[PDB]
Ligand SMILES: CCCn1cc(-c2nc(Nc3ccc(C(=O)NC)cc3)nc3[nH]ccc23)cn1
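In PDB author numbering, the protein residues as written are 849 to 856, 862 to 871, 877 to 918, 925 to 1011, 1016 to 1069, 1071 to 1134.
Shown next as structure tokens:
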């Protein structure tokens, strides 16, 4: 393994036993973080899906994965904005949904779904690309309690530190918002929420975000975003956990909308 460049810590290396892979290493190799990293490796090893970054092995502790040359979807969408139409955005949306559907069949909770964690293999394929916060659900519950990127958090994650497939669905709604704002920073969830809360404010931000969400304040419909797509976002952002859609139903709806858009309805 020959170091080439740092990517994210994550590095680009050459595994040439006399070949390009991504290598995740730990910054502060403590006992607590090593135990977490060990579980992250097992989680990624257990996942085989076209839209999940491919596990390749371990090094003595280093995590070896396939190298995805277009980097994160944020950098990619920013650089290629003008040539990424809505049908393409929904192609990525569908692939993220199906990755999350598959994650759900293992009873894994991702807990960090955001465009920053999606990587781009090529113009036609994106992959969920980091699993550093992912939890395996306990046998006795449908949620995991963990004591943060608050502007992607479901209300019950903010108030009770509870994470579930349903809170992943909320965060997917925010991902869909990020895509249809073309990840413009002035439109980003943090910028929008801070303007809605009022820039007259740390812990107080979380307080006012909770109050805002409880009063059904929401991120606005992005410019140019079709109503059917904004409707999916708002269904993901239901305060009632039981009312949020499943990833399987989201995948089917996104595919139908994409096909309708391409065919002229
Ligand atoms: C998502 C947060 C953690 N993280 C994961 C990675 C990662 N990156 C990449 N490729 C990559 C990255 C950046 C750039 C770039 O910026 N070029 C100007 C180009 C290619 N392949 C990966 N395979 C497995 C993980 C991983 C980086 N950070």
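All C-beta atoms, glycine included, are put in the ideal place defined by N, C-alpha and C.
For residue 1031, which residues does DSSP report across the bridge?
1008
Between which two residues does the alpha helix (DSSP H) containing residue 851 stretch?
Per DSSP, residue 851 belongs to no alpha helix (DSSP H); it is in the beta strand (DSSP E), 850-854.
8 angstroms Cβ shell around residue 1027 - same chain, five flanking residues per side excluded:
1079
Within 10 angstroms of the Cβ of residue 1131, are there 16 or more other Cβ atoms? Answer buried if so, exposed if not.
exposed
Between residue 908 and ligand 1, is the CB less than 8 angstroms from at least one heavy atom?
It does not: the Cβ of residue 908 is nowhere closer than 8 angstroms to a heavy atom of ligand 1.
Does DSSP classify residue 986 as helix, strand or coil?
Looking at residue 986 - three-state DSSP - the assignment turns out to be strand.
Endpoints, the alpha helix (DSSP H) within which residue 1075 is located:
1072-1083
On the DSSP letters alone, give me the boundaries of the beta strand (DSSP E) that residue 867 sits inside.
863-867
Return the residue from the list 849, 1050, 1029 that minimises the CA-CA distance to residue 943.
1050
Three-state secondary structure (DSSP) at residue 972?
Secondary structure at residue 972: strand, using DSSP grouped into helix, strand and coil.
Do you know offhand how far residue 1001's Cα is from residue 1029's?
14 angstroms
What are the residues that DSSP puts in a beta bridge with residue 936?
Answer by DSSP bridge pairing, in chain order: 983.
With burial defined as no fewer than 16 other Cβ atoms inside 10 Å of the residue's Cβ, what is the status of residue 979: buried or exposed?
buried
Whether residue 1040 touches residue 977 by CB criterion (9 angstroms)
yes
Tell me the rounded alpha-carbon separation between residue 1064 and residue 1119.
28 angstroms
Compare the C-alpha of residue 1127 against each of 900, 954, 997 and name the closest.
With respect to the C-alpha of residue 1127, the residue from 900, 954, 997 having the closest C-alpha is 954.
Is residue 934 near ligand 3, with its Cβ less than 8 angstroms from a heavy atom?
Inclusion of ligand 3 in the displayed structure is not the case, the ligand content consisting of ligand 1 alone.
Going by DSSP, what residue range makes up the alpha helix (DSSP H) through residue 1110?
Here residue 1110 belongs to no alpha helix (DSSP H), and DSSP marks it neither H nor E.
Environment of residue 1054 [buried if 16+ CB atoms lie within 10 Å]:
Flag for residue 1054 reads exposed.
Please tell me whether residue 887 and residue 1124 are closer than 9 angstroms, where the distance is taken between their beta carbons.
no
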